[PDB]
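Next up: just one chain, as structure tokens, the form deposited in one PDB entry.
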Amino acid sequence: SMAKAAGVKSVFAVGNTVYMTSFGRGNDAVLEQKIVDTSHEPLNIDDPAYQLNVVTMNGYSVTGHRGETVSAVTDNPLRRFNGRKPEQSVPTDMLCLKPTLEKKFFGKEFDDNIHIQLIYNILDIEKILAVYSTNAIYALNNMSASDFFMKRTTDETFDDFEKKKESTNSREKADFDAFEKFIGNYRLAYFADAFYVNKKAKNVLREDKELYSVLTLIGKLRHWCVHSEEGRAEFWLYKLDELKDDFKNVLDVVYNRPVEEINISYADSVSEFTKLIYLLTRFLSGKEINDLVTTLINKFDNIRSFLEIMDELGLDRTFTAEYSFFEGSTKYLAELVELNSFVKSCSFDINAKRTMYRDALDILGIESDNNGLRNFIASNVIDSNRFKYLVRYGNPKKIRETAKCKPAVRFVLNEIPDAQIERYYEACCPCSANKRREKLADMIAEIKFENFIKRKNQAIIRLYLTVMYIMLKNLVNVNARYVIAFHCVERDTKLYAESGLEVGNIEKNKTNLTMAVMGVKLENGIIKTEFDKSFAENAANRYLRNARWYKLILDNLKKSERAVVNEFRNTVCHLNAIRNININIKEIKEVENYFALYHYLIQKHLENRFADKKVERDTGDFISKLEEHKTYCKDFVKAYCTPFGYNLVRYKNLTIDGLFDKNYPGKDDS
């Protein structure tokens, strides 16, 4: 947009006045004008970024000075929703939660629209921590190849946990057996950074107490991120100073290892939040660590800039005691950029190079009953980062069976540019681009011991791992969207409840929030109220104020059923859709995009689990089309995507392609 090119950073309504900010150093925002009614007021006299061409209640026109001269217009926030039609009034968020959010974080509602932006940034911090903690937990569950991991409480210490071995309660006995089945697993070496200690050039598995406290911290972070648990648990992440000493010690050693590797400040004074973030990073791919840490840096810097602007205006800003964490956001920003100066992808163990041999041999389906050939293949595979980011997220035999799904590899090869494909093909098999793609796909699907200087083998091996890496990473990044979606459902349910909406229990039925917002109710499990405009005009948020999307969300929700939506929720939140890729991707006639692939996986998982069960006739028709057409059904997607109705933009983005992926826009339907 040209407004940003003109340098108007933000527009802040305060009372009957609006303030306009400029782009300063980094994300610093310097105030420029205080436009009261229709009156000019210079607030900065040194290098003013822009000047006001004309001031009108409709909008303010500005011309850039620092950059290439460009004139733009900025709409008045005071009259955001008051137009043709109370003309001037501070706007509110689309979800109509602004007063509740302000009264949650601050002691009172505020007559401005600055605070809500800080709040939304904090709320985005929690979303990104939710996704990355669920990816960590999934990696660990994959390793086990699961209630134990999902139910980890910080309060419970190791001294209490070990008692469960002696205990007679069957669930507690299983809670301990699942722990003793995790010390080994012949896969714990994957996360050596957080599971092994250096103590002749050798390392050893850490003491059980520290492995437990690592796992406890990560499980608690994940569960707290997803469920937004009530009581004192809600403040947990913003009050880690109260952690048990054992978790402080564990965090201290884990974060201190890089420092002893490099000397940057020791863990003795870096905050527990930063150390917990680093611990979370230990389980992620490098791309995920970078996205996490940069989004944290961005949001904390925004928070700092808003707090500075509020302090310059003289607004009251002191957080309630339970959120006084954010008063330190300057230091947590400094610590996050310090971490970002040295964080690296989590190493494999140099000794486990001999333990991993069967996994490497499995991925390629290369197994029998000279040794040098297999050793060469294995060691050439194991060192590649496309292995480290694959066996941590998929079972090797499951990947090898998935690679037989010819249309999925054919699709992924259709995404690679013609030049890259030519290069690979001329390395791998020394005639048209699509015929070449087809043949390469066939080669990948029939990999065997025929590979046996004439060194062809590196070309074919590096191709295969790259195709499977791209496929699995895309499916994980699709899953992340619905994970964020359910996180938002479970948070906004509680926020609406605190605003006084009769939302009720969300775990009983995940569509309860969208129905509470729409004002419909269930009797005998059926929505007997037909569409009428008054229900849209009375809808509790701006998204559902429109007639046609109320009508559409109603018609889709009426043909949902509770069991399917709950099974979908748990399929997303445990990533079972990809964990059973072998059977879900079994029979796909044609793959159109990663969205169609992911929803085919989910719908085939549902069709497997509901094979012999109660099933509503709408679900039965969807499954019948999912069989008759060997591809995902769009209608079914809408049915199990209903709980996200409250946010129309989210709902639409997650239910038709072309709106799904920012990078692959395309035609929408109807």
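So that there is no doubt, residue numbering starts at 1 and follows the sequence shown. C-alpha atoms forming the largest set that superposes within 1.5 Å between two forms make up the rigid core.
Residue-level annotation: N474 has coordinates in all of the other entries compared, counting only those that model residues on either side of it, so it never reaches the one-third mark.
Per the compared records, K200 is unresolved in at least a third of the other entries whose models span it.
Count the deposited residues lacking coordinates between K199 and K200 and you get 4 to 9 of them. Unmodelled residues of the deposited sequence between neighbouring positions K508 and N509 number none; the chain is continuous.
Although not depicted, the form deposited in another entry is the subject of the following passage.
Core-based superposition between the shown form and the other one shows that, of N570, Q458, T330, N538, only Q458 has its Cα displaced by 2 Å or more. For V381, the Cα coordinates differ by 2 angstroms or more between the shown form and the other one after the core has been superposed.
Once the rigid core is overlaid between the shown form and the other one, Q420 counts among the residues whose Cα shifts by 2 Å or more.
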